[PDB]
Each structure stands twice: as structure tokens, then as C-alpha cells.
Engineer: 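I have a structure I would like to understand better, so I am pasting it below and will then ask my questions one at a time.
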Amino acid sequence: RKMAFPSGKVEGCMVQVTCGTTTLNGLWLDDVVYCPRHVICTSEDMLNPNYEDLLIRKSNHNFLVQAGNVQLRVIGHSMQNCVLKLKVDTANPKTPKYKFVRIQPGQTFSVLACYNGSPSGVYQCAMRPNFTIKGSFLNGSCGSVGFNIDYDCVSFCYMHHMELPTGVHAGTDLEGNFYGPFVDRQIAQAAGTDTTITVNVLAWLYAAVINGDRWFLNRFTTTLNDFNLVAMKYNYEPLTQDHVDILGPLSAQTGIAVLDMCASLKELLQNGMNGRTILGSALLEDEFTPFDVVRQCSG
Amino acid sequence: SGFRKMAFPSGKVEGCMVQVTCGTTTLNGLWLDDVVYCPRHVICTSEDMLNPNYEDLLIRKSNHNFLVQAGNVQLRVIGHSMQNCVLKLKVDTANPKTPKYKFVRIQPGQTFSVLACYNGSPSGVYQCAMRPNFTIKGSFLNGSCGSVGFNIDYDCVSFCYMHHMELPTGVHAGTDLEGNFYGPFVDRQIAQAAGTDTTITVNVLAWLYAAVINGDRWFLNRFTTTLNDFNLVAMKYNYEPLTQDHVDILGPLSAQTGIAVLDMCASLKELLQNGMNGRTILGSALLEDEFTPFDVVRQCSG
Ligand SMILES: *C(=N)[C@H](C[C@@H]1CCNC1=O)NC(=O)[C@@H]1[C@@H]2[C@H](CN1C(=O)[C@@H](NC(=O)C(F)(F)F)C(C)(C)C)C2(C)C
Ligand SMILES: *C(=N)[C@H](C[C@@H]1CCNC1=O)NC(=O)[C@@H]1[C@@H]2[C@H](CN1C(=O)[C@@H](NC(=O)C(F)(F)F)C(C)(C)C)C2(C)C
């Protein structure tokens with residue numbers, strides 16, 4: 001099934017940041033708190049903000065940072081793209097090993113949804129090819145982060161900023177650069193047409209084969225270039241060299257060449273599933289990555 | 001908005017997980033105060049699991065045969081007792097990370113989070129429900145026993161499940177923290193099958209309300225039905241009956257959407273008799289039944 005990473009290492013980094021009456025969540029690592037810069041905005045400000053001018057008027061003593069009800073004094077502030085960086089007087093004793101990463105469309109991560117600095121729930125999702133995520137976020141969730149854990153290292157990849165009219169969500173990496181062509185202004189914005197994540201569908205078919213569900217395999221293969229041109233006709237993402245590489249381990253485990261699985265997928269796309277299921281499903285799953293299959297099938 | 005299968009944050013439980021070893025058998029334990037809880041079959045060899053004499057096996061053990069590891073540090077066992085299918089190991093150090101907690105026994109249909117662990121180390125968290133046939137549709141591998149399921153209310157962890165075994169159909173079975181199995185199963189390595197399962201009707205309706213709150217409305221219709229006439233059709237399709245307490249607990253979702261519970265029941269009735277026409281609800285091709293009304297209110301309202 002779809003699992004989240006254990007959230008404990010991130011829970012110990014969640015704080016709340018307040019300007020005036022505007023409050024959201026921040027991320028406390030060592031002696032720095034990271035949060036969306038629109039915390040410095042009033043309601044009217046958000047309709048058409050001048051962030052450079054709003055920050056010039058701000059001082060350290062205007063920022064209220066709290067871990068629980070314990071205040072952390074801000075001793076410096078700066079803006080990096082769409083994130084604020086607030087230096088505080090206390091190094092977080094629960095800081096884990098960590099890094100900041102910018103992920104690619106199709107990569108999955110866990111989200112720790114927080115409100116008023118208080119973790120509320122954890123769920124798994126993926127960066128869509130149109131650079132949105134199908135999240136679950138209510139008022140006050142901004143600053144919630146998405147992450148992956150490898151070994152003892154937390155790779156932070158997403159911070160939440162906004163919800164689009166179609167009910168999907170958009171945000172930045174931890175250097176404040178939006179995923180996608182979105183801006184942190186309350187103005188009409190729309191997600192592009194989404195596509196299906198082909199590398200992930202393939203990983204899910206490999207998973208099916210590993211579990212003994214393999215009726216969909218044909219005795220044919222294709223060329224990468226031929227597969228990519230046909231895939232786009234069904235609103236499927238084309239494969240990159242990196243996609244073919246990260247499928248290597250699953251190809252080796254099953255002995256099924258990547259391009260042979262591509263040929264099997266193409267036949268599925270052309271003829272559908274004749275009232276048949278794969279892993280108990282009539283829909284092809286596209287939010288399980290090859291890493292997810294390995295991690296969840298090996299423990 | 002949006003709607004995801006959501007688990008509780010797992011940090012408070014991660015701080016309680018440890019490793020327990022007997023001979024060559026290793027699994028997970030739950031360290032609360034100065035006691036470690038774990039499945040009793042940790043004391044079994046391969047031959048023992050095929051036909052265990054648990055009380056005899058435990059009388060023949062001593063404290064020092066139990067190797068308990070928290071992180072990289074060994075804890076010294078100073079006592080041990082057996083409560084049903086659970087072993088309690090008294091250790092000489094209290095867990096400083098112990099949360100406020102209670103042990104509860106849940107009813108079928110209720111949901112909970114599972115923190116899957118291996119060798120005392122947390123691996124993943126996911127949301128489950130207690131099936132009507134007392135199994136759970138988990139994801140557990142070798143070494144996962146002693147993983148627990150829980151809910152959190154404010155700052156209090158309610159432990160409701162500890163993992164013990166996997167049935168041949170791939171569903172899972174375990175105990176409450178008093179060591180009593182959910183369902184008619186035993187901690188012995190012998191073929192065991194579960195009763196026939198049913199769908200958790202009140203949960204399906206809560207999820208239909210979630211789909212409406214999120215703008216997925218295609219399955220609604222202009223009709224209503226009586227509670228009894230709905231239950232007749234539900235039971236025909238192997239769905240649980242809907243009680244008046246279930247109707248009441250759906251009230252707040254009915255109020256938010258303006259859709260009476262018995263109006264939604266008429267839509268579910270039509271879904272059961274006609275199928276979904278290959279359409280989806282909240283991106284699902286099947287009716288989801290592992291969100292309670294509380295789960296939906298909490299995620300869609302706050
Ligand atoms: C931050 N706590 C929220 C998170 C939102 C609220 C409901 N669900 C979410 O994910 N972010 C905002 O309120 C941001 C903030 C001003 C407006 N905004 C929006 O998300 C708005 N959306 C847009 O303006 C749109 F459509 F362009 F995406 C809103 C209409 C409130 C959903 C700023 C700076 C974008
Ligand atoms: C605990 N570490 C494992 C967890 C298992 C391993 C595979 N997936 C799981 O959830 N539990 C066990 O190994 C228990 C333990 C001996 C046998 N067992 C089983 O789960 C076996 N099942 C059964 O014998 C059956 F059919 F009754 F469910 C197994 C065939 C190994 C899955 C005991 C005492 C039950």
C-alpha cells in the first residue's frame with residue numbers, strides 16, 4: 001500500500017510564525033526558522049503584494065515565533081525567493097540530519113499537515129507533471145512541509161503556499177522557488193493540464209509482476225523513441241534517461257527489460273484492460289515510484 | 001480542501017519502539033515507563049511456533065535470555081510476566097519519551113494508524129480499519145510483529161493494536177495491548193482463515209460526503225429512502241446495516257452539505273444496484289470504507 005515515512009523527525013521541527021494576526025507554520029532547523037514570506041501580509045496585502053517594501057518596514061521584533069507556547073526570539077531575518085529565513089536565539093535540539101532538495105515531477109514524498117505549529121496528520125503524495133500536488137490542506141496549513149527520509153537523513157523538498165481553483169496545491173522548495181509557474185499573490189491562477197506519470201505506472205506493473213500478477217506481459221518490445229511519441233498521444237509523460245535508469249533494479253529483479261514493459265504498457269493503453277485487474281485494481285496507479293516499490297517490498 | 005488517506009503523526013509512538021530478541025527470534029516492543037510490551041511468540045523457536053506450550057516456555061526463560069535494545073543501548077530486564085498473548089518485560093529504566101497513553105479495544109469499523117517497524121526501527125506509517133471480520137488489511141513483512149496501531153486525542157495516545165501474524169489471504173491479525181486477539185485467531189503457526197467480511201456502510205457514506213465537500217457530485221440523485229429499506233438492500237450486497245446512531249453521527253456532514261442522510265442513502269443504493277459505470281469518486285474506482293465520519297469531519301472541517 002501507500003505509506004508515509006514516520007513523521008517524528010519532522011514533528012520536532014515544527015513551530016508557528018505570526019505577524020500581526022497572520023499566523024502560519026515554520027520549520028526550525030539549527031538556529032533558523034523557514035516559512036512562507038506571505039506571513040508578512042494582511043488580507044488586502046495578498047491581493048497585490050510588494051514583498052520588498054513590506055519587509056523593509058519589518059524588524060526582528062515584529063516576528064513572533066513559538067514552539068508550542070515557548071517563544072523563540074528572532075535575531076535576524078532575510079528573504080530568499082518566496083521563503084523567509086528567521087534566525088532565532090536557540091538551536092533546535094531535535095534538529096535531524098537534513099538537506100534541502102528540489103524534486104522532479106513524479107517523485108513522491110510525505111506531507112506533515114500542521115496548524116498553528118501543531119502536527120495534525122501525515123499523508124503520501126506526488127509532484128504532478130503540471131507541478132501541483134493533490135494534497136489535503138485547510139486554512140492555516142501554509143508552511144507545512146513535504147519530505148523523504150533516507151537512513152537517518154531528512155530530505156526536505158516542499159513547503160506549502162496556496163490552493164488553486166481546481167482544488168490542487170502549489171508550493172516551493174526550501175530555497176523558496178515555486179514548483180511550476182505560480183506566484184504567491186491572490187490572483188486568478190490555473191494549473192496546466194496534467195498527465196499520467198509513466199515511470200511510476202511502469203514501477204507499479206513491475207510490482208504486480210513481483211507479486212505474480214503478470215497476464216499483461218506480451219512477447220514484444222519497442223524503442224524508447226517510439227514509446228515516447230505514442231505515450232504523449234494518451235497524455236502520458238515521456239520517459240527520460242533517468243527514468244529508464246531508476247527502473248533498472250526492478251527490471252533486474254523480474255528479468256523484464258524496461259522497453260519490454262513499455263511495450264506491454266502500450267498495448268494496455270491501446271486496448272484497455274478487458275475487464276481485468278492488476279493488483280486488484282482496474283486503474284493504473286501512478287503515485288508509486290520505483291524507489292517506493294523497492295522500499296515497501298524489502299522493508 | 002483535498003482528501004487523502006491520513007494517519008496520525010507518529011512521533012509520540014516512534015519514541016517508544018525498541019527491539020526484543022530471544023535466541024534467533026527478533027521483533028519489536030513497545031516501551032512505556034519501565035515496561036516493554038511485545039508478542040509472546042518471541043519466546044518460540046521454529047518448532048515451538050508449530051505447536052506452542054506458552055506457559056511452559058515462559059517458565060523456562062530467565063530475565064537474561066531477553067535482549068532488549070533501545071537505539072544502540074541495551075536495557076536490563078528485571079522481571080517478566082505474560083498477559084494473554086502479550087509479554088510484559090520489566091526493565092530497570094523508565095522511558096523518558098513515554099507519552100500520555102491509554103490501552104483501548106476498538107470496534108469493527110473504527111480506524112487507526114499503524115507505525116510499521118523492523119528491528120525496533122520505524123519504517124512507515126499508514127491508516128487502517130478494524131474489519132467486520134476482525135482482520136486488518138495491513139502491509140507487514142517479516143520482523144514486523146510488535147508494531148502497534150493507535151489513535152491520538154489531543155496529546156494522549158490510545159494504543160489499540162499490536163501486530164502478530166498474517167493470514168493466507170494476505171490480511172493481518174493481532175491483539176489489543178491486553179493481549180486479546182481481535183477475531184477467532186490464535187498465535188500458532190497453523191492454517192487459519194477469517195470469516196466472510198462485509199463493507200462498513202457508515203464509513204462509505206462518510207466518504208461520499210467527503211466527495212461532495214470536494215466537488216465530486218455525479219452520484220447524487222433526487223430520491224430519498226427509508227432507513228429500513230436502505231438496510232434491506234445493503235445487507236443483500238454484504239454491507240453492514242446502518243443504525244440510528246450512525247445516522248446521528250453523520251449529522252454534521254449532512255448539515256455542512258445540505259444533503260440529508262437518507263438522501264445520500266438513496267445514492268449509495270443506486271451505486272450498489274447499478275455500479276459506477278467506470279466512473280470514479282475522489283479518484284477511486286471502488287467505494288472506500290476506511291474513513292469514519294469523525295475522520296472526514298476532522299479532515300474536511302478542522
Ligand atoms: C496558507 N495557509 C493558505 C493555504 C490554502 C488555504 C486553503 N487551502 C490551502 O491550501 N494559502 C493561502 O491562503 C494563499 C495565500 C494568499 C491566497 N492563497 C490561496 O491559496 C488562494 N488561492 C489563490 O489565490 C489561487 F487561486 F491563485 F491559488 C485561496 C483563494 C485563498 C485558496 C496567497 C499569498 C496565495
Ligand atoms: C511477525 N514478526 C510475523 C509477521 C508476519 C510475517 C509475514 N507477514 C506478517 O505479518 N508473524 C509471524 O511470523 C506469525 C507467528 C508464527 C507464524 N506467523 C505467521 O504470520 C504465519 N501465519 C500463519 O501461520 C497463519 F496462517 F496462521 F496466519 C505466516 C505463515 C508465517 C505468515 C506465529 C506464532 C503465528
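Within every chain, numbering begins at 1; the chains are lettered A, B, ... in the order of the sequence lines, protein sequences first and strands thereafter.
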Engineer: For B/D216, check side chain to side chain donor-acceptor pair (under 3.5 Å) against everything at least two apart and list the hits.
Structural biologist: none

Engineer: Measuring centre to centre across the rings, with the benzene-like ring taken for any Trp, is B/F291 within less than 6.0 Å of B/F3?
Structural biologist: yes

Engineer: Scan for side chain to side chain donor-acceptor pair (under 3.5 Å) pairs involving residues 165-174 of chain B, sequence neighbours excluded, and state none if there are none.
Structural biologist: B/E166-B/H172

Engineer: Checking ring pair (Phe, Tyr, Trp, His ring centres under 6.0 Å) against A/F109, which of A/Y158, A/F291, A/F147 comes through?
Structural biologist: A/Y158

Engineer: Is B/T280 close to chain A through its backbone or its side chain, or both, or neither, when contacts mean heavy atoms under 4.5 Å?
Structural biologist: side chain

Engineer: Looking at A/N139, A/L138, A/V10, which makes the most heavy-atom pairs under 4.5 Å with chain B?
Structural biologist: A/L138

Engineer: Below 4.5 Å from any heavy atom of chain B, which atoms of A/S141 appear? Answer side chain, backbone, both or neither.
Structural biologist: neither

